[PDB]
Amino acid sequence: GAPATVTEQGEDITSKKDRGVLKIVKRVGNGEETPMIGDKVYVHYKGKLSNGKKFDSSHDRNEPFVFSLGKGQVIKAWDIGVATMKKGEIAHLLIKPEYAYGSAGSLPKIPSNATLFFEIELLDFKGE
Ligand SMILES: COc1cc2cc(c1OC)OCCn1cc(nn1)CCCOC(=O)[C@@H]1CCCCN1C(=O)[C@H]2C1CCCCC1
């Protein structure tokens, strides 16, 4: 599946090179710019536990997911991964627990030591 393909082919985009955040570009975006810290970012996404036991989508509200990059409004893996994306890009991310919810998890929704997968479309970003 998509998650295994990321395990096998996915670029390690962590600073520490600990394979905590693996990325595949699935559709190339436009222009050179990628968002900066503080930028307002607009995305569509689908997400799941790698266990496929819980599945979440912005599509479920028909409306984009909006957050400020690098403020830790989202898990660390997103601040890291969406920062590498161009406008219009779709990427797959596979995420170890250290860059998601950790040993504590986020129960009852997310268990301890959970690996997460997302598909993310970067719709737009705009400055603070
Ligand atoms: C841990 O709780 C949740 C996890 C997730 C979605 C959740 C959620 O309930 C609060 O509700 C959807 C609405 N939403 C999104 C956020 N806050 N609420 C952003 C901060 C938390 O989410 C994150 O940082 C990441 C990245 C941005 C999209 C959402 N996300 C998630 O971790 C998802 C998970 C749901 C279960 C399957 C994996 C993804």
Side-chain angles (χ1 to χ4, degrees), residues 1-7 9-31 33-50 52 55-60 63-70 72-75 77-108 110-125 127:
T5 289
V6 181
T7 290
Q9 320 298 316
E11 167 184 9
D12 189 346
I13 59 166
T14 66
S15 294
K16 307 248 268 271
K17 292 289 185 260
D18 59 17
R19 294 174 56 74
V21 182
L22 299 174
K23 182 187 189 194
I24 303 181
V25 172
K26 297 304 283 177
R27 183 185 78 188
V28 170
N30 330 97
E33 294 239 45
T34 55
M36 291 300 162
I37 298 186
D39 278 358
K40 199 179 164 189
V41 178
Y42 300 81
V43 305
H44 273 307
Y45 76 87
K46 323 205 271 185
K48 63 172 165 162
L49 299 182
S50 66
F55 184 100
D56 174 41
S57 190
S58 68
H59 295 301
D60 299 320
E63 76 169 23
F65 180 77
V66 179
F67 73 105
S68 289
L69 185 69
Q73 287 172 10
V74 288
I75 55 171
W78 272 51
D79 279 336
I80 294 158
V82 179
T84 71
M85 299 177 68
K86 294 156 197 191
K87 185 161 174 204
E89 192 171 312
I90 299 167
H92 283 170
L93 303 178
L94 188 68
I95 305 161
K96 295 174 178 185
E98 297 80 20
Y99 296 83
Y101 295 94
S103 49
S106 186
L107 281 173
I110 312 294
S112 181
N113 296 317
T115 296
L116 306 211
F117 175 93
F118 291 88
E119 182 179 277
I120 305 173
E121 184 183 356
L122 179 53
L123 302 173
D124 209 356
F125 55 92

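In each ligand, atom 1 is the first atom listed, and ligand 1 is the first ligand listed. All residue numbers in this chain count up from 1 along the given sequence.
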Item to check | For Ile110, atoms of ligand 1 separated by under 4.0 Å from a heavy atom | outcome: 36 (C)

Between [X] and [Y], is any pair of side-chain heavy atoms under 4.5 Å apart?
X     : Y     : result
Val6  : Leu93 : no
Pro3  : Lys48 : yes
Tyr45 : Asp56 : yes

Checklist entry - Just by modelled atom types, is the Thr7 backbone N or O under 3.5 Å from a matching donor or acceptor in the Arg19 side chain? => result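 Pair found, side chain donor or acceptor close to backbone of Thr7.
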
Checklist entry - Which heavy atom in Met85 sits nearest to a heavy atom in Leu122, and how many Å separate them? => result O-CD2, 3.4 Å

Counting heavy atoms only, name the option from [options] that's nearest to [atom].
atom                    : options                      : result
atom 24 (O) of ligand 1 : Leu116, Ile95, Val82, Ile75  : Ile75
atom 38 (C) of ligand 1 : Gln73, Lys46, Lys48          : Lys48
atom 30 (N) of ligand 1 : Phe55, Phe117, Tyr45, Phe118 : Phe118

Checklist entry - Out of curiosity, is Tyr101 lining ligand 1, as in a heavy atom under 4.0 Å away? => result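 It does; at least one heavy atom falls under 4.0 Å.
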
Next on the checklist: With the threshold set at under 4.0 angstrom, would you say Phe67 reaches ligand 1 through any of its heavy atoms?
Outcome noted: no

Checklist outcome for this item: Going by the 4.0 angstrom heavy-atom rule, the piece of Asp56 near ligand 1 is side chain

